[PDB]
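What follows is a set of notes on a single structure, which appears directly below.
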Protein chains: 2
Amino acid sequence: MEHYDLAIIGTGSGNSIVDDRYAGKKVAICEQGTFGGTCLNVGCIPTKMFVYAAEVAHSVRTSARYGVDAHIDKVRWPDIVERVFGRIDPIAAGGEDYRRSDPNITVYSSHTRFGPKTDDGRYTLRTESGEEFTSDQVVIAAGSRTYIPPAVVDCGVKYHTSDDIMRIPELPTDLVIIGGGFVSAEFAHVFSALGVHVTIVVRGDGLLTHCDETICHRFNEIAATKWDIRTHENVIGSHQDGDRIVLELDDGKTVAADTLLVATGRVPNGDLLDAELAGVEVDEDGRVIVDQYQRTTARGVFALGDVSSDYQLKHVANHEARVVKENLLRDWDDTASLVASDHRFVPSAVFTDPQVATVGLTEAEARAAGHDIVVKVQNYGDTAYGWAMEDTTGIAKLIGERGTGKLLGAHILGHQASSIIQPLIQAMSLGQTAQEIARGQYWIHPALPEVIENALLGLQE
Amino acid sequence: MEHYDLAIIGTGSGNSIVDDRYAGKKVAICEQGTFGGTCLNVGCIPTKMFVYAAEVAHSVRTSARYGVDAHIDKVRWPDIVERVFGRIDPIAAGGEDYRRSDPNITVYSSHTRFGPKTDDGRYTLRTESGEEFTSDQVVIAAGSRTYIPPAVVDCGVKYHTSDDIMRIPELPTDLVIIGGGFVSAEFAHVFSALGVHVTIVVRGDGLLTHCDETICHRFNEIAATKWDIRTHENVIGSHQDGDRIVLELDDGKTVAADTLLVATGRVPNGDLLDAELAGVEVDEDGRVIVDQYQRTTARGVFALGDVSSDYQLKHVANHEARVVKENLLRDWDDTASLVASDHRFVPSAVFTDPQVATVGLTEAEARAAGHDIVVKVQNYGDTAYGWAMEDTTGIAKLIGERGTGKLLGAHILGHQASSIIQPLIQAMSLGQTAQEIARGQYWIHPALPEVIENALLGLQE
């Protein structure tokens with residue numbers, strides 16, 4: 001019989017768990033699909049890669065705006081796909097040899113359930129891969145999986161999410177997109193920059209109704225002038241009609257396009273473990289119960305982001321991986337000095353046209369929290385940039401508590417959003433105020449971040 | 001003869017100093033070139049404006065690397081120039097009435113100069129503009145003035161600096177550029193992106209020998225391949241030969257090109273004021289002497305910016321104007337509440353191909369300060385930005401003191417250098433330690449600012 005000291009499933013951040021410290025144990029990291037979890041092969045890392053191809057293919061489109069003329073000539077879609085996913089296929093087969101070919105660890109193939117605890121209290125793990133093995137401690141990453149509404153299970157039309165549409169063999173002539181959220185808004189810009197009309201069919205009223213209000217506003221009012229935005233219009237079902245896919249719409253007006261897309265949201269993958277038997281709560285989501293220290297209800301076993309966090313992102317996953325790989329040594333005894341995850345302020349970034357990056361709380365949140373607010377919206381304009389790009393619609397909305405000047409969540413759309421929210425992230429996370437950032441440091445001028453200046457300067461303080 | 005409560009020489013930042021507070025006094029100003037100083041009319045706002053047109057004209061050139069095809073098609077040089085200077089011609093004569101006619105002030109013309117103090121100790125100021133008036137306090141902005149070596153008085157060939165080469169009627173077919181002193185080599189990229197061979201002729205050894213050593217190195221060793229870089233070889237004399245100008249070199253290398261450029265450096269403007277009579281020392285440079293509080297040697301009179309400071313930039317000029325506009329009221333008595341400028345770290349940004357941004361001290365300087373250092377080189381590469389863009393040549397130099405994990409100057413070159421040094425600028429200003437900044441906050445994954453991540457992570461701590 002085989003038995004390890006520590007086990008892992010997903011390796012989004014689960015490959016970061018293996019460190020020194022242990023260095024002399026038996027470890028298994030049974031990964032089911034490509035080593036890297038959801039991070040490198042399907043989720044965060046593989047995205048944002050096509051984005052630069054799209055950004056060049058968009059700057060050529062907008063070249064006329066800057067006294068420049070440029071032609072698309074030809075689109076090397078095969079070369080773009082091989083440049084993106086020809087980079088992460090051998091590297092994927094690299095973090096796997098880390099824990100297969102190399103000694104004190106051994107990894108197997110897909111499937112990793114849970115089994116009844118042994119009489120001596122150890123954790124049982126089951127592969128449907130003709131094998132069963134127990135261990136002492138097992139941490140679960142198991143990434144996340146995109147979710148398709150029943151409209152696809154009533155037909156069988158070929159569907160694509162973030163998992164596969166980046167490796168589609170051909171560039172469509174006309175594309176359908178459904179979903180208003182994180183996973184769906186990137187491909188709209190990414191593809192439309194490469195010469196395809198996309199047809200957005202959401203389930204609410206507009207795109208991404210779970211972000212900033214005064215950012216949803218001016219993202220709707222630029223997405224309308226590029227993509228076909230159908231509002232509610234709940235897709236009732238689909239029926240293929242030869243070539244060209246046609247979905248049936250809530251108001252009868254059936255919509256047609258070449259290729260399909262879905263990705264309305266994600267769900268964690270804790271259910272597939274049947275942890276109900278091993279005394280672990282999963283709670284419908286797949287989220288798997290944890291706490292501050294990512295500690296579940298069973299001993300020695302833990303979980304990480306996506307599968308468990310309240311943010312399905314890799315930075316929170318890395319902090320949770322930090323506390324996981326650290327807490328298997330500072331035993332569950334001392335709830336102090338056991339090191340807890342940072343589940344305060346986190347940034348989210350959706351790279352579309354234009355980019356968007358948010359952090360902290362929105363106006364609705366702080367108004368529901370009872371504080372009086374000094375919100376400002378700085379136009380990507382009055383800076384010495386703005387006019388250099390003829391940027392008319394880019395904005396950075398910054399929220400701060402009055403009296404003291406405590407910034408509480410920024411929301412920026414326009415050129416350079418992620419590398420502009422980062423000063424605001426730094427100020428947010430560790431006891432920085434607002435004026436401090438404003439007139440306590442130089443802003444190079446005419447550097448891009450100058451917006452923050454007029455974003456912070458004009459506040460109450 | 002007249003006497004005012006406040007006088008000014010130049011309104012580069014002089015339009016911002018008179019900022020309420022007084023609101024009910026008599027104020028006089030003196031403009032020689034154009035109301036608005038060098039920022040709005042010649043310096044910061046321009047130069048960097050054409051840069052985005054050039055950067056689009058460079059992304060088209062590099063599109064081939066990313067499975068993209070794009071054409072140079074057309075350069076709308078007249079439309080670019082009118083798009084640039086259609087912003088600073090009416091606004092210059094708009095922000096000027098802001099501080100000249102309305103609502104209780106009077107400003108005069110021509111170059112002004114100090115005159116002998118009156119018997120009651122008041123400052124006399126002389127405009128060659130027929131009229132003369134004195135005052136009680138006078139601030140000197142006088143920006144900075146471009147400097148041409150004697151190399152031009154031995155020829156008479158048409159020469160261009162930052163003042164005018166952006167408003168040249170046509171775009172040359174082959175261009176020569178001289179000057180390596182002040183951070184001038186922006187126009188090299190700006191023009192070469194628009195289809196003209198530029199010929200750099202320095203006076204030292206390489207381009208801009210007053211920057212970081214291991215950055216001058218890897219910037220010269222890409223500028224050699226993109227632009228025609230002629231090393232040292234002091235031109236001295238010149239002789240124009242029709243359209244294409246040919247300079248005669250001491251070593252025989254006659255250089256040829258259509259249009260010329262002259263950006264070897266700038267010098268402060270204290271000499272032309274003959275302020276020597278009104279008791280203010282004009283040091284060797286021609287500069288205006290001040291100190292922490294921007295306090296010169298005569299009372300009530302002050303100076304700010306490049307005309308007096310040791311930094312020829314507009315952000316430091318605006319901070320010095322910030323302290324100035326307040327210190328004209330808090331008399332020299334309380335030197336503790338007379339408030340001082342922040343003259344530690346200052347950021348510089350040179351917008352070329354690619355951009356570059358520096359802050360604090362370089363490695364040589366910090367070695368001259370006696371600290372043992374934990375320098376890191378991030379390489380701008382294995383991060384997800386360079387991983388998606390095949391970014392090979394961008395770099396980030398981070399300097400830090402050992403033991404505690406301090407910091408002594410960041411230096412970043414690449415696509416996004418100005419808007420990435422700003423988190424590092426904020427970290428510099430207020431005692432954040434490398435350890436704190438690294439994993440004490442979230443950094444968006446996958447996103448450009450991840451470059452800072454492994455720049456801080458891969459350290460002694």
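Ordering of the structure tokens sets the chain letters (A, B, ...); residue numbers start at 1 within each chain; ligands are numbered from 1 in the order shown.
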
As a ChimeraX atom specification, could you give me every residue of chain B near chain A (at most 8 Å apart, counting only C-alpha atoms)?
/B:44-45,48-50,52-53,56-57,59-60,63,66-77,79-80,84,314-316,346-349,384,387-389,418-420,422-423,425-426,429,437,440-449

Restricting the output to C-alpha atoms, write the selected residues as a short mmCIF file (atom, residue, chain, number, x, y, z; two decimals), in the first residue's frame.
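Listing of selection.cif after writing:
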data_model
loop_
_atom_site.label_atom_id
_atom_site.label_comp_id
_atom_site.auth_asym_id
_atom_site.auth_seq_id
_atom_site.Cartn_x
_atom_site.Cartn_y
_atom_site.Cartn_z
CA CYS B 44 7.01 69.50 -20.63
CA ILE B 45 3.59 69.63 -22.32
CA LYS B 48 6.03 64.28 -24.95
CA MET B 49 2.87 64.96 -26.98
CA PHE B 50 4.15 63.75 -30.37
CA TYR B 52 2.16 58.83 -28.66
CA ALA B 53 2.01 59.32 -32.43
CA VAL B 56 1.85 54.05 -32.52
CA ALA B 57 4.29 54.44 -35.43
CA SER B 59 3.96 49.50 -32.56
CA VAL B 60 3.19 49.20 -36.28
CA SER B 63 3.57 44.26 -35.07
CA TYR B 66 3.36 39.17 -32.67
CA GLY B 67 1.73 37.55 -35.70
CA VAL B 68 0.38 40.92 -36.83
CA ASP B 69 0.85 42.86 -40.06
CA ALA B 70 0.60 46.64 -40.32
CA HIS B 71 1.60 49.35 -42.79
CA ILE B 72 3.29 52.71 -42.34
CA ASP B 73 0.90 54.15 -44.98
CA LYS B 74 1.01 57.85 -44.12
CA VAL B 75 2.49 60.38 -41.70
CA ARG B 76 0.22 63.38 -41.03
CA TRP B 77 2.99 65.62 -39.69
CA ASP B 79 -2.05 67.39 -38.64
CA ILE B 80 0.05 66.14 -35.73
CA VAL B 84 -0.36 69.46 -30.56
CA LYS B 314 8.57 71.20 -13.78
CA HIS B 315 7.38 68.99 -10.91
CA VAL B 316 10.21 70.14 -8.64
CA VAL B 346 13.28 63.53 -7.44
CA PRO B 347 11.91 61.56 -10.42
CA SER B 348 13.04 62.11 -13.98
CA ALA B 349 11.34 60.69 -17.08
CA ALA B 384 3.24 37.89 -17.29
CA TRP B 387 5.55 36.58 -21.04
CA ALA B 388 2.62 37.75 -23.19
CA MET B 389 4.61 40.34 -25.18
CA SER B 418 6.85 56.32 -15.88
CA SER B 419 3.61 54.73 -14.63
CA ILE B 420 5.48 51.89 -12.89
CA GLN B 422 5.25 55.74 -9.33
CA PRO B 423 4.50 52.89 -6.89
CA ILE B 425 8.19 56.67 -5.82
CA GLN B 426 5.42 56.36 -3.23
CA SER B 429 8.78 58.97 -0.04
CA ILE B 437 5.96 46.48 -0.18
CA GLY B 440 2.21 42.96 2.18
CA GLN B 441 -0.14 43.97 -0.63
CA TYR B 442 -1.79 42.29 -3.60
CA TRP B 443 -0.37 42.71 -7.11
CA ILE B 444 -2.73 42.03 -9.99
CA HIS B 445 -2.08 38.70 -11.72
CA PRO B 446 -1.66 38.63 -14.67
CA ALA B 447 -0.70 42.30 -15.02
CA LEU B 448 2.20 44.60 -15.86
CA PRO B 449 2.98 45.74 -12.26
#

Write out as a PyMOL selection string which residues come within 9 Å of region 362-376 of chain B when counting only C-alpha atoms, dropping same-chain ones fewer than 2 positions away.
chain B and resi 211-213+358-360+378+396-402+405+408-411+455-456+458-460

In Å, how far is it from CA of residue 223 (chain A) to CA of residue 185 (chain A)?
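Taking CA of residue 223 (chain A) as the start and CA of residue 185 (chain A) as the end point, the length is 9.9 Å.
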
Write out as JSON, numbers by chain which residues come within 9 Å of residue 34 (chain B) when counting only C-alpha atoms, dropping same-chain ones fewer than 3 positions away.
{"B": [10, 11, 31, 37, 38, 41, 92, 93]}

Residues of region 359-461 of chain B in strand (DSSP E or B), written as a list in words
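Here are the strand (DSSP E or B) residues of region 359-461 of chain B: residues 359, 373, 376, 377, 395, 396, 397, 398, 401, 410, 411, 412, 413 and 414 of chain B.
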
Writing out the chosen residues with C-alpha atoms as a CSV table (one decimal), in the first residue's frame:
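File selection-v7.csv, as written:
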chain,number,residue,atom,x,y,z
B,359,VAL,CA,14.2,58.2,-9.1
B,373,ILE,CA,23.8,47.3,-1.2
B,376,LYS,CA,18.3,43.4,-7.9
B,377,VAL,CA,17.7,43.2,-11.6
B,395,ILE,CA,14.7,46.3,-17.3
B,396,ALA,CA,14.1,47.5,-13.7
B,397,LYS,CA,17.0,48.3,-11.5
B,398,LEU,CA,16.2,48.4,-7.7
B,401,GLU,CA,20.4,49.0,1.8
B,410,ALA,CA,14.8,52.8,-8.8
B,411,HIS,CA,15.5,53.0,-12.5
B,412,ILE,CA,13.1,51.4,-15.0
B,413,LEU,CA,13.2,51.4,-18.8
B,414,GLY,CA,10.7,49.8,-21.1

When you count only C-alpha atoms, which of these residues is closest to residue 26 (chain B): B:248, B:97, B:136, B:453?
B:136

Computed interatomic separation between CA of residue 29 (chain A) and CA of residue 142 (chain A) (Å):
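For CA of residue 29 (chain A) relative to CA of residue 142 (chain A), the distance reads 10.4 Å.
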
Write out as a VMD selection string which residues come within 12 Å of residue 261 (chain B) when counting only C-alpha atoms, dropping same-chain ones fewer than 3 positions away.
chain B and resid 148 152 157 to 166 168 172 174 to 180 184 to 188 191 198 to 202 245 257 to 258 264

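For the pair CA of residue 98 (chain A) and CA of residue 325 (chain A), the separation is 16.9 Å.
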
Name the closest residue to residue 19 (chain B) among the candidates B:111, B:167, B:266, B:322; distances are taken between atoms, counting only C-alpha atoms.
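So, comparing all the options, the nearest one is B:322.
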
Would you return as a list in words the members of region 125-195 of chain A that DSSP assigns to helix (DSSP H, G or I) on this structure's backbone?
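Answer for region 125-195 of chain A restricted to helix (DSSP H, G or I) is residues 165, 166, 167, 182, 183, 184, 185, 186, 187, 188, 189, 190, 191 and 192 of chain A.
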
Nearby residues (only C-alpha atoms) at most 6 Å from residue 124 (chain B), same-chain spacing under 6 positions excluded, as a ChimeraX atom specification
/B:114-115,117,134

Given the choices B:256, B:277, B:434, B:298, which gets closest to residue 404 (chain B) if the distance is worked out from only C-alpha atoms?
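Among the listed residues, the smallest separation from residue 404 (chain B) belongs to B:434.
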
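Remark: for residue 305 (chain A), the closest of the candidate residues A:356, A:196, A:183, A:140 is A:140 (distances computed over only C-alpha atoms).
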